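Participant: Pasting a structure here, questions to come.
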Amino acid sequence: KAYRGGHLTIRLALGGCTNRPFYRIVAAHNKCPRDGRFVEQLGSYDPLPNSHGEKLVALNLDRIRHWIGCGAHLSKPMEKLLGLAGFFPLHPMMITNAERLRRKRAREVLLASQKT
Amino acid sequence: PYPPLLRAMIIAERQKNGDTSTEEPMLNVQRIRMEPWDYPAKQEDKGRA
Amino acid sequence: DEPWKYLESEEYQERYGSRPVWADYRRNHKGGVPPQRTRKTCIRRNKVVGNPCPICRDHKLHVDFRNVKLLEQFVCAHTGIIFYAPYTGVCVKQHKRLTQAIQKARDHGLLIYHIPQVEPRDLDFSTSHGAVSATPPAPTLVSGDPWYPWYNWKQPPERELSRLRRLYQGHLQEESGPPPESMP
Amino acid sequence: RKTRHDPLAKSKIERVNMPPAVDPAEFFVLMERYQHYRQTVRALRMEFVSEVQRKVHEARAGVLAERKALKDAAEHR
Amino acid sequence: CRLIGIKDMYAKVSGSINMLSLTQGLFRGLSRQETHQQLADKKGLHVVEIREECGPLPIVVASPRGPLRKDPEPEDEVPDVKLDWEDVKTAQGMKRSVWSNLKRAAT
Amino acid sequence: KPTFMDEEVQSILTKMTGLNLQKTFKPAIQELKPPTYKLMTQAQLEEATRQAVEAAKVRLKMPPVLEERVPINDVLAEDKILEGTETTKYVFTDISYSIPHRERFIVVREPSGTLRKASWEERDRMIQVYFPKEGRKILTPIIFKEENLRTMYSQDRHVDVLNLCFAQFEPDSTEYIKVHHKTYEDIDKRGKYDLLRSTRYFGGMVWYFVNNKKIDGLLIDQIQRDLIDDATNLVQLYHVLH
Amino acid sequence: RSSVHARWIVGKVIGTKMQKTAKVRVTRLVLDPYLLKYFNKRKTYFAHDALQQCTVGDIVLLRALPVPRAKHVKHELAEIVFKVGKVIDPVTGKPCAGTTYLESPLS
Amino acid sequence: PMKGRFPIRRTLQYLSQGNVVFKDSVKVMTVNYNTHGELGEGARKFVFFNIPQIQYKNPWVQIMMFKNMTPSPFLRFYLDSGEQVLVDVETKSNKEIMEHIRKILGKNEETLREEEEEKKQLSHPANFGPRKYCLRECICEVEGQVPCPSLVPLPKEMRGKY
Amino acid sequence: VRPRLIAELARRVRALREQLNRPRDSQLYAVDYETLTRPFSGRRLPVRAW
RNA sequence: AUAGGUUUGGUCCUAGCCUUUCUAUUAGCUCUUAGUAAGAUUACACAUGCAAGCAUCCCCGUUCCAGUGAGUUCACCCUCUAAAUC
Ligand SMILES: [Mg+2]
Ligand SMILES: [Mg+2]
Ligand SMILES: [Zn+2]
Ligand SMILES: [Zn+2]
């Protein structure tokens, strides 16, 4: 299909039922639907933690690189995933979130101390 | 420095090829400039309502 | 219960003989070719309806990973295939159970099945590649320092802060310097 | 989704979209992170592009490929 | 088949289905099939079966009671056998009738 | 001096093992189709036999012995800022159809924001999950428990067990090795070494025995049947080893 | 190199009734997938012919033109591969009829 | 029974069996062959049996048949370069001719193997789809993970019932 | 193949209109200062520029 | 189709109709719970509410997503080249 110059994107996609989210990381057109067609499917990601606490992620890094070269952008979740992997740097947003969490924890601790 | 995994991969590749090479892999932002966000664009390229 | 004894016994011999459990049984149905799946359950509530599925008609016939002979009776000798439900004419639930039992037996090694000699998945058996062996550690790692410098918090110069304040006069929040380095 | 030829809602017109307030120091830090991270990302992208180009070259008029072609020609002859 | 001793096989009955005709025809068919021994006798050679279930291992079924023909069978390629269409279709997967591979009671 | 893939040694091992065409190519309990009957002359028959023998040899060429792999206790990088925020781990695996499965990059992020190169046990499992194989179940199945193994052994069923092991754990694995050793032990005690004589034995039983110095039983077995030359060969091999 | 699909294509000549343009029919073999027999389906093709050298019944081959030089013609008569009647062999290039040499070899 | 003289020509399997896959260069493979001539039997045989197979192998190349244009049977070719291969078939058996063809304008086995490999590469294993293209639809199907609420339902963790 | 002449004509007309009666930007860069909106468009300005 | 029923005083042949199997709609008559998929008949007519904003003003976006199956060989391949993305 012909779109108005919609860029390429490496993006997640819901391949799950209700309450089981399963993800499909996928090189697709920006203006395509979420679960609609794509250019080339890449490494499936699972968010629900499987038997003995693993949250497994596939990645065809070799083809991801190619896609990047060809000029395909990355959604924020994808970027985060990459950072986690060690393929990209940690997305600064993630870092900030972590910091915030830490701060919150500290506050909680302080409150507890006050109480006691 | 490269990000953790890419660098490792590169190292592995190097090893496979043959050379040991203790010189670490690195990327340079001498080429990559950072014109700020408040830097102005161009009215030739924009469309008017 | 704890069966195999029943199979061994004289009663069993009297009843069936050399032939299997299901040879007598015949599904009764509309003419010619029968419905392609068998009835769901022989027994409802505690009742037993119709001519029962060869297992259901007898109390003593149980199904588990230890009734080896019985399980075999519902599998080919020459193929390793578990008979599809309408071959034997067994109950659907019963069939399911039977299959499960067979699987269990296989897992345990209480029932023979072909274990074919595969090739090894990797045709090269070396652990030299970085992949598995060992990468030379990073200088940052050695130091005890993050990958990239900007991962940590640097306190901004005050001028910048002032500028920010000026920019967002009405809309501001009071803030801390750096965060902690732990979180219980 | 609305298609621009529709009127837009009557509750919507009287709605001031007031932005979030800002922590200064934190904001600056965030900005810094964005600056740095993006540079790295750009570099990575460039590298990838270069790799792709190299691959293309290899495919087309890379030396090995050329040699192969020559060999084929010879065989044909 | 049961009466005979024939235990496991496929058979399609086409044309009419007069019972008498079917029975007699069947009987005739069963009478007029060469043994492997018979084949061996006819040809010399060895009737060697090669199973896919077993390995490449050549199992010899029926060797000839007497001499042996040293001239091998001339493998005249693309052999003319006026062959059935239905079988071909089955092999291909062109025909798919809903009444074909139906789960039935034992025999 | 030991060298498993020294050709002479291999030859010797082959010699020690039988062919027994019927045992290599046993009637399998699979989905059968009707056979395909041929009309062979004597020469043709001979040729066929030769081919069969060759096939058998090919089948029985594998496998090697590799020792236990060393566990992977390495770190790519260790971030302290994540600290236990995004909990429950993450397991990132490089995928690529044109890469061998030992040259992969399988990586683990933990709550204590580290980046491990993954355990050996982990890695294989991950590979299986992404590249399924005929055999290889993802969790380690119930057959390789002790009691079950013992039961299997009791039904004089060792070859099958070996095959299963091969299918499951990669030959550098620890568990696999252990299983093999157990099997060998079983074979030794209350002996039936003629179960494994067209397999899966050539290195497995013999080499291991030689290494241990538990050759005596084997020698006895050789004596009892006939196999004097084979026994002599074995002895020679042992001598070479020590 | 060229926009058109058929680049080299052999065919038989029907109509010269139009200036510098031979109408040549081409016949591929097509597999009727039920029968699986290759039946010889056909398709007309105009072709530029500079000199009007070609006559009806000729067997020719047509090179693709870089661009179609009219609505229906996109080919050039590259060579007359068999002239009508006056057919010379590719092997032992001598005048012949059907199945018979006129100027015999050994000359 | 099937209506042909040799009904194995139309079995699909037979077609597949044809070994010759043409090199990329060819465009037209024109055969010319005598009908009543006793010497050119091989050519006739080839026309009868193998031509169909060849076509099946390579459907884009144009195959033309000519009956009595000349005395001696022969095959002539046309490449994208514009050259012309000319193989006289007379005296040979069909098999021999086929072999010759393979040698001349037929691909190697190696090339075929490479092609096959490439094809395989295209259809990946570790990715998920709907059967037709990819093995296994969802990662509930792989063992040791959360197993699709359709079969075994999820615990009270599930939203809206929490 | 049918020709869609009418559509083409319409397009042409639209183009002409754009060329001619286009708003000379006195009109559409205007600002009502008290209400912080705009003539022609009608939409408000963002808060961070008031 | 592993087929069966059915022309006739009967028999054989040829034959159509039907039966038996598996889906999906409605229909009657009935019905405990849980999880999950699927869910106008109709390019007939529509009340009400909502479905596109964002953003230091320009812009960019609302030319996508979602919907329907009215009409219908533009959807696959090559050749060329405009967006449009690095
Ligand atoms: Mg009557
Ligand atoms: Mg319609
Ligand atoms: Zn029941
Ligand atoms: Zn699922």
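FYI, nothing fancy with the structure tokens labels: chains A, B, ... in order, residues from 1 per chain, ligands from 1 as they appear.
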Step one, run DSSP on the backbone; step two, keep only residues of stretch 88-130 of chain H assigned to helix (DSSP H, G or I); then write them as number ranges by chain.
Facilitator: H: 94-105, 109-122
Participant: Okay, now the selection with N, CA and C atoms, as a PDB file, in the first residue's frame?
Facilitator:
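The result, written out as selection-v9.pdb:
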```pdb
ATOM      1  N   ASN H  94      18.756 -40.243 -26.322  1.00  0.00           N
ATOM      2  CA  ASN H  94      18.149 -39.098 -25.659  1.00  0.00           C
ATOM      3  C   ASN H  94      18.905 -38.740 -24.389  1.00  0.00           C
ATOM      4  N   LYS H  95      19.292 -39.776 -23.643  1.00  0.00           N
ATOM      5  CA  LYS H  95      19.996 -39.614 -22.378  1.00  0.00           C
ATOM      6  C   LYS H  95      21.293 -38.838 -22.590  1.00  0.00           C
ATOM      7  N   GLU H  96      22.016 -39.257 -23.627  1.00  0.00           N
ATOM      8  CA  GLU H  96      23.299 -38.641 -23.986  1.00  0.00           C
ATOM      9  C   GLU H  96      23.105 -37.160 -24.278  1.00  0.00           C
ATOM     10  N   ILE H  97      22.061 -36.888 -25.060  1.00  0.00           N
ATOM     11  CA  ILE H  97      21.719 -35.509 -25.451  1.00  0.00           C
ATOM     12  C   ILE H  97      21.454 -34.665 -24.215  1.00  0.00           C
ATOM     13  N   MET H  98      20.682 -35.241 -23.305  1.00  0.00           N
ATOM     14  CA  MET H  98      20.311 -34.591 -22.042  1.00  0.00           C
ATOM     15  C   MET H  98      21.571 -34.222 -21.259  1.00  0.00           C
ATOM     16  N   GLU H  99      22.469 -35.199 -21.183  1.00  0.00           N
ATOM     17  CA  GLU H  99      23.741 -35.051 -20.472  1.00  0.00           C
ATOM     18  C   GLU H  99      24.537 -33.884 -21.057  1.00  0.00           C
ATOM     19  N   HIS H 100      24.590 -33.873 -22.384  1.00  0.00           N
ATOM     20  CA  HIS H 100      25.301 -32.840 -23.142  1.00  0.00           C
ATOM     21  C   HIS H 100      24.746 -31.462 -22.800  1.00  0.00           C
ATOM     22  N   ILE H 101      23.423 -31.392 -22.804  1.00  0.00           N
ATOM     23  CA  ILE H 101      22.685 -30.159 -22.507  1.00  0.00           C
ATOM     24  C   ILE H 101      23.062 -29.652 -21.115  1.00  0.00           C
ATOM     25  N   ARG H 102      23.061 -30.589 -20.175  1.00  0.00           N
ATOM     26  CA  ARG H 102      23.387 -30.308 -18.776  1.00  0.00           C
ATOM     27  C   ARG H 102      24.791 -29.716 -18.673  1.00  0.00           C
ATOM     28  N   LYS H 103      25.710 -30.360 -19.384  1.00  0.00           N
ATOM     29  CA  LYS H 103      27.115 -29.953 -19.419  1.00  0.00           C
ATOM     30  C   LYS H 103      27.236 -28.526 -19.922  1.00  0.00           C
ATOM     31  N   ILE H 104      26.510 -28.260 -21.005  1.00  0.00           N
ATOM     32  CA  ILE H 104      26.616 -26.962 -21.709  1.00  0.00           C
ATOM     33  C   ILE H 104      25.922 -25.774 -20.987  1.00  0.00           C
ATOM     34  N   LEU H 105      24.592 -25.824 -20.949  1.00  0.00           N
ATOM     35  CA  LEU H 105      23.766 -24.728 -20.434  1.00  0.00           C
ATOM     36  C   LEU H 105      22.920 -25.186 -19.255  1.00  0.00           C
ATOM     37  N   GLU H 109      25.328 -28.754  -9.583  1.00  0.00           N
ATOM     38  CA  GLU H 109      24.673 -29.148  -8.352  1.00  0.00           C
ATOM     39  C   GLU H 109      24.958 -28.150  -7.248  1.00  0.00           C
ATOM     40  N   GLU H 110      26.193 -27.638  -7.205  1.00  0.00           N
ATOM     41  CA  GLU H 110      26.633 -26.730  -6.165  1.00  0.00           C
ATOM     42  C   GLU H 110      25.738 -25.492  -6.121  1.00  0.00           C
ATOM     43  N   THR H 111      25.495 -24.952  -7.311  1.00  0.00           N
ATOM     44  CA  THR H 111      24.664 -23.755  -7.473  1.00  0.00           C
ATOM     45  C   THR H 111      23.265 -24.008  -6.913  1.00  0.00           C
ATOM     46  N   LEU H 112      22.731 -25.168  -7.283  1.00  0.00           N
ATOM     47  CA  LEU H 112      21.395 -25.592  -6.847  1.00  0.00           C
ATOM     48  C   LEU H 112      21.331 -25.650  -5.325  1.00  0.00           C
ATOM     49  N   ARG H 113      22.365 -26.251  -4.755  1.00  0.00           N
ATOM     50  CA  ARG H 113      22.499 -26.409  -3.302  1.00  0.00           C
ATOM     51  C   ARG H 113      22.469 -25.041  -2.625  1.00  0.00           C
ATOM     52  N   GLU H 114      23.249 -24.133  -3.196  1.00  0.00           N
ATOM     53  CA  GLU H 114      23.367 -22.758  -2.700  1.00  0.00           C
ATOM     54  C   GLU H 114      21.994 -22.087  -2.689  1.00  0.00           C
ATOM     55  N   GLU H 115      21.294 -22.258  -3.803  1.00  0.00           N
ATOM     56  CA  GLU H 115      19.954 -21.695  -3.993  1.00  0.00           C
ATOM     57  C   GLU H 115      19.012 -22.203  -2.901  1.00  0.00           C
ATOM     58  N   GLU H 116      19.083 -23.511  -2.688  1.00  0.00           N
ATOM     59  CA  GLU H 116      18.263 -24.198  -1.685  1.00  0.00           C
ATOM     60  C   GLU H 116      18.516 -23.600  -0.303  1.00  0.00           C
ATOM     61  N   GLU H 117      19.798 -23.434  -0.007  1.00  0.00           N
ATOM     62  CA  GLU H 117      20.256 -22.876   1.270  1.00  0.00           C
ATOM     63  C   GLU H 117      19.666 -21.485   1.476  1.00  0.00           C
ATOM     64  N   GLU H 118      19.753 -20.692   0.414  1.00  0.00           N
ATOM     65  CA  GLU H 118      19.247 -19.317   0.408  1.00  0.00           C
ATOM     66  C   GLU H 118      17.752 -19.307   0.730  1.00  0.00           C
ATOM     67  N   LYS H 119      17.044 -20.207   0.059  1.00  0.00           N
ATOM     68  CA  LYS H 119      15.597 -20.359   0.225  1.00  0.00           C
ATOM     69  C   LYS H 119      15.263 -20.667   1.689  1.00  0.00           C
ATOM     70  N   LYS H 120      16.027 -21.606   2.227  1.00  0.00           N
ATOM     71  CA  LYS H 120      15.873 -22.049   3.618  1.00  0.00           C
ATOM     72  C   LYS H 120      16.045 -20.874   4.570  1.00  0.00           C
ATOM     73  N   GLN H 121      17.085 -20.092   4.303  1.00  0.00           N
ATOM     74  CA  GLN H 121      17.414 -18.902   5.087  1.00  0.00           C
ATOM     75  C   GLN H 121      16.219 -17.947   5.170  1.00  0.00           C
ATOM     76  N   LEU H 122      15.586 -17.714   4.029  1.00  0.00           N
ATOM     77  CA  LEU H 122      14.387 -16.913   3.944  1.00  0.00           C
ATOM     78  C   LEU H 122      13.291 -17.261   4.954  1.00  0.00           C
TER      79      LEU H 122
END
```
Participant: As a list in words, please: the residues near residue I:48 (cut-off 8 Å, only C-alpha atoms (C1' of nucleotides), same-chain neighbours under 2 positions excluded).
Facilitator: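 Near neighbours after the sequence-gap exclusion: residues 46 and 50 of chain I; 56 of chain J.
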Participant: Can I get the residues close to ligand 3 as number ranges by chain, where close means within 12 Å and we count only C-alpha atoms (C1' of nucleotides) and all ligand atoms?
Facilitator: C: 38-49, 52-57, 90-98
Participant: Could you dump the residues just selected with N, CA and C atoms as a CSV table (one decimal), in the first residue's frame?
Facilitator:
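The new file again.csv reads:
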```csv
chain,number,residue,atom,x,y,z
C,38,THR,N,-15.8,-40.3,19.4
C,38,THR,CA,-16.6,-41.1,20.3
C,38,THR,C,-17.2,-40.2,21.4
C,39,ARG,N,-18.2,-40.8,22.0
C,39,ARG,CA,-18.9,-40.1,23.2
C,39,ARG,C,-18.0,-39.7,24.3
C,40,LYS,N,-18.4,-38.6,24.9
C,40,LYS,CA,-17.5,-37.8,25.8
C,40,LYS,C,-17.1,-38.6,27.1
C,41,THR,N,-18.1,-39.1,27.8
C,41,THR,CA,-17.9,-39.9,29.0
C,41,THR,C,-19.0,-41.0,29.0
C,42,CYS,N,-18.5,-42.2,29.4
C,42,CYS,CA,-19.4,-43.3,29.6
C,42,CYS,C,-20.4,-43.1,30.8
C,43,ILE,N,-19.8,-42.4,31.8
C,43,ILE,CA,-20.4,-42.4,33.1
C,43,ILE,C,-20.7,-40.9,33.5
C,44,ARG,N,-21.9,-40.6,34.0
C,44,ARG,CA,-22.3,-39.3,34.4
C,44,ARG,C,-22.9,-39.5,35.8
C,45,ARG,N,-22.7,-38.4,36.6
C,45,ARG,CA,-23.0,-38.5,38.1
C,45,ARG,C,-22.2,-39.7,38.7
C,46,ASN,N,-22.9,-40.8,39.1
C,46,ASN,CA,-22.3,-42.1,39.3
C,46,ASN,C,-22.9,-43.2,38.4
C,47,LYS,N,-23.8,-42.8,37.5
C,47,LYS,CA,-24.5,-43.8,36.7
C,47,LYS,C,-23.6,-44.3,35.5
C,48,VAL,N,-24.0,-45.4,34.9
C,48,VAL,CA,-23.3,-45.9,33.7
C,48,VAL,C,-24.4,-46.1,32.6
C,49,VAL,N,-24.2,-45.3,31.5
C,49,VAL,CA,-25.2,-45.2,30.4
C,49,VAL,C,-24.8,-46.0,29.2
C,52,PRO,N,-21.1,-49.7,27.6
C,52,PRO,CA,-20.0,-48.8,28.0
C,52,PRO,C,-18.7,-49.0,27.3
C,53,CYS,N,-18.0,-47.9,26.9
C,53,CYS,CA,-16.6,-47.9,26.5
C,53,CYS,C,-15.8,-49.0,27.2
C,54,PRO,N,-15.1,-49.9,26.5
C,54,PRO,CA,-14.4,-51.1,27.0
C,54,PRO,C,-13.8,-51.0,28.4
C,55,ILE,N,-13.2,-49.8,28.7
C,55,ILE,CA,-12.7,-49.6,30.1
C,55,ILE,C,-13.8,-49.4,31.1
C,56,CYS,N,-14.8,-48.5,30.8
C,56,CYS,CA,-15.8,-48.1,31.7
C,56,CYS,C,-16.8,-49.2,32.2
C,57,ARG,N,-17.0,-50.2,31.3
C,57,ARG,CA,-17.9,-51.4,31.6
C,57,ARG,C,-17.4,-52.2,32.8
C,90,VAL,N,-13.5,-46.5,22.5
C,90,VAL,CA,-13.4,-46.1,23.9
C,90,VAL,C,-14.0,-44.7,24.1
C,91,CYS,N,-14.2,-44.3,25.4
C,91,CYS,CA,-14.8,-43.1,25.8
C,91,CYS,C,-13.8,-42.0,25.6
C,92,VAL,N,-14.3,-40.7,25.3
C,92,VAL,CA,-13.4,-39.6,24.9
C,92,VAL,C,-12.4,-39.2,26.1
C,93,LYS,N,-13.1,-39.1,27.2
C,93,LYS,CA,-12.3,-38.8,28.5
C,93,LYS,C,-11.3,-40.0,28.7
C,94,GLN,N,-11.9,-41.2,28.6
C,94,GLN,CA,-11.1,-42.4,28.8
C,94,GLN,C,-9.9,-42.4,27.9
C,95,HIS,N,-10.1,-42.1,26.6
C,95,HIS,CA,-9.1,-42.0,25.6
C,95,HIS,C,-8.0,-41.1,26.0
C,96,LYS,N,-8.4,-39.9,26.4
C,96,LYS,CA,-7.5,-38.8,26.9
C,96,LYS,C,-6.6,-39.3,28.0
C,97,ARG,N,-7.3,-39.9,28.9
C,97,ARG,CA,-6.6,-40.5,30.1
C,97,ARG,C,-5.6,-41.6,29.7
C,98,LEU,N,-6.0,-42.4,28.8
C,98,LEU,CA,-5.2,-43.5,28.2
C,98,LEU,C,-3.9,-43.0,27.6
```
Participant: 7 Å from ligand 4 is the threshold here; counting only C-alpha atoms (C1' of nucleotides) and all ligand atoms, which polymer residues fall inside it? Answer as JSON, numbers by chain.
Facilitator: {"A": [16, 17, 20], "H": [138, 139, 140, 147, 148]}
Participant: Only residues of chain B matter here; which ones have an atom within 8 Å of chain A, counting only C-alpha atoms? Give them as an MDAnalysis selection string.
Facilitator: chainID B and resid 3:6
Participant: List as a ChimeraX atom specification the protein and nucleic acid residues near stretch 97-99 of chain A, meaning an atom at most 8 Å away when only C-alpha atoms (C1' of nucleotides) are counted, but skip any in the same chain fewer than 4 places from it.
Facilitator: /A:93,103 /C:179 /F:81-82,85
Participant: Given a cut-off of 8 Å, which residues of chain B touch chain C, counting only C-alpha atoms, written out as a list in words?
Facilitator: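 The answer, sorted by residue number, is residues 1, 3, 4, 8, 9, 11, 12, 15 and 16 of chain B.
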Participant: Residues within 10 Å of ligand 1 (only C-alpha atoms (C1' of nucleotides) and all ligand atoms), as number ranges by chain?
Facilitator: J: 7-10
Participant: Between J:55, J:66, J:1, J:77, which has the minimum distance to chain I (counting only C-alpha atoms (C1' of nucleotides))?
Facilitator: J:55
Participant: Enumerate as a list in words the residues within 9 Å of ligand 2, counting only C-alpha atoms (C1' of nucleotides) and all ligand atoms.
Facilitator: residues 69, 70, 71 and 72 of chain J
Participant: What gap, in Å, lies between atom CA of residue G:14 and atom CA of residue G:58?
Facilitator: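 Rounded to one decimal, the two atoms are 8.1 Å apart.
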Participant: Could you tell me, as JSON, numbers by chain, which residues of chain C DSSP assigns to strand (DSSP E or B) when given the backbone?
Facilitator: {"C": [43, 44, 47, 48, 75, 82, 172]}
Participant: Considering only C-alpha atoms, extract the chain E residues located within 12 Å of chain G and return them as a PyMOL selection string.
Facilitator: chain E and resi 85+88-89+92-95
Participant: When distances are computed from only C-alpha atoms (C1' of nucleotides), which of J:12, J:54, J:29, J:47 shows the smallest separation from chain E?
Facilitator: J:12
Participant: I'd like the interatomic distance between atom CA of residue F:187 and atom CA of residue F:10, to a tenth of an Å.
Facilitator: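 Those two atoms sit 21.8 Å apart.
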Participant: Within 12 Å of residue B:48, counting only C-alpha atoms (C1' of nucleotides), which residues show up once you throw out same-chain ones fewer than 2 positions away? Write them as a ChimeraX atom specification, please.
Facilitator: /B:43-46 /I:18,22-25,28-29 /J:58-60
Participant: When you look at residue F:119 with a cut-off of 9 Å (counting only C-alpha atoms (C1' of nucleotides)), what residues show up, excluding the ones that are within fewer than 3 positions of it in the same chain? I need them as a PyMOL selection string.
Facilitator: chain F and resi 71-73+108+116+122-124
Participant: Pick out the chain D residues within 7 Å of chain A. Count only C-alpha atoms. Give them as a VMD selection string.
Facilitator: chain D and resid 33 to 34 37 45 48 to 49 52
Participant: Keeping only N, CA and C atoms, write those residues as a PDB file, in the first residue's frame.
Facilitator:
```pdb
ATOM      1  N   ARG D  33      21.592  13.859  29.272  1.00  0.00           N
ATOM      2  CA  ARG D  33      21.479  12.441  28.927  1.00  0.00           C
ATOM      3  C   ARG D  33      21.040  12.286  27.471  1.00  0.00           C
ATOM      4  N   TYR D  34      20.036  13.076  27.115  1.00  0.00           N
ATOM      5  CA  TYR D  34      19.477  13.066  25.760  1.00  0.00           C
ATOM      6  C   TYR D  34      20.550  13.420  24.745  1.00  0.00           C
ATOM      7  N   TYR D  37      23.393  10.442  24.704  1.00  0.00           N
ATOM      8  CA  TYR D  37      22.843   9.173  24.257  1.00  0.00           C
ATOM      9  C   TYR D  37      22.608   9.208  22.761  1.00  0.00           C
ATOM     10  N   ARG D  45      24.236   4.211  14.201  1.00  0.00           N
ATOM     11  CA  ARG D  45      23.448   4.226  12.962  1.00  0.00           C
ATOM     12  C   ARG D  45      24.360   4.361  11.761  1.00  0.00           C
ATOM     13  N   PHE D  48      26.288   1.255  11.097  1.00  0.00           N
ATOM     14  CA  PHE D  48      25.386   0.273  10.493  1.00  0.00           C
ATOM     15  C   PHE D  48      25.246   0.535   8.996  1.00  0.00           C
ATOM     16  N   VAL D  49      25.054   1.807   8.675  1.00  0.00           N
ATOM     17  CA  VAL D  49      24.900   2.267   7.290  1.00  0.00           C
ATOM     18  C   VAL D  49      26.126   1.890   6.480  1.00  0.00           C
ATOM     19  N   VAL D  52      26.286  -1.761   5.796  1.00  0.00           N
ATOM     20  CA  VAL D  52      25.302  -2.067   4.753  1.00  0.00           C
ATOM     21  C   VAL D  52      25.889  -1.770   3.375  1.00  0.00           C
TER      22      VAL D  52
END
```
Participant: Taking 4 positions as the minimum chain separation for residues in the same chain, which residues sit within 10 Å of stretch 31-39 of chain I when counting only C-alpha atoms (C1' of nucleotides)? Answer as JSON, numbers by chain.
Facilitator: {"I": [27, 43, 44, 45, 46, 47, 49, 50], "J": [57]}
Participant: Per residue of chain E within 10 Å of chain F, which atom pair is closest and at what distance in Å (one decimal), using only C-alpha atoms, listed by chain and increasing number, as a tab-separated table?
Facilitator:
```
residue	atom	partner	partner_atom	distance
E:36	CA	F:37	CA	9.5
E:39	CA	F:39	CA	9.1
E:40	CA	F:39	CA	8.3
E:43	CA	F:39	CA	8.4
E:44	CA	F:41	CA	8.0
E:45	CA	F:41	CA	4.8
E:46	CA	F:40	CA	5.1
E:47	CA	F:39	CA	5.2
E:48	CA	F:38	CA	5.3
E:49	CA	F:37	CA	4.3
E:50	CA	F:36	CA	5.7
E:51	CA	F:35	CA	4.9
E:52	CA	F:35	CA	7.0
E:53	CA	F:32	CA	5.6
E:54	CA	F:27	CA	4.7
E:55	CA	F:25	CA	4.7
E:56	CA	F:52	CA	5.6
E:57	CA	F:52	CA	5.2
E:58	CA	F:48	CA	6.5
E:59	CA	F:22	CA	9.5
E:60	CA	F:45	CA	8.9
E:61	CA	F:37	CA	9.1
E:63	CA	F:40	CA	9.8
E:68	CA	F:41	CA	7.7
E:69	CA	F:41	CA	7.0
E:70	CA	F:41	CA	6.3
E:71	CA	F:41	CA	7.4
E:72	CA	F:41	CA	5.7
E:73	CA	F:39	CA	7.3
```
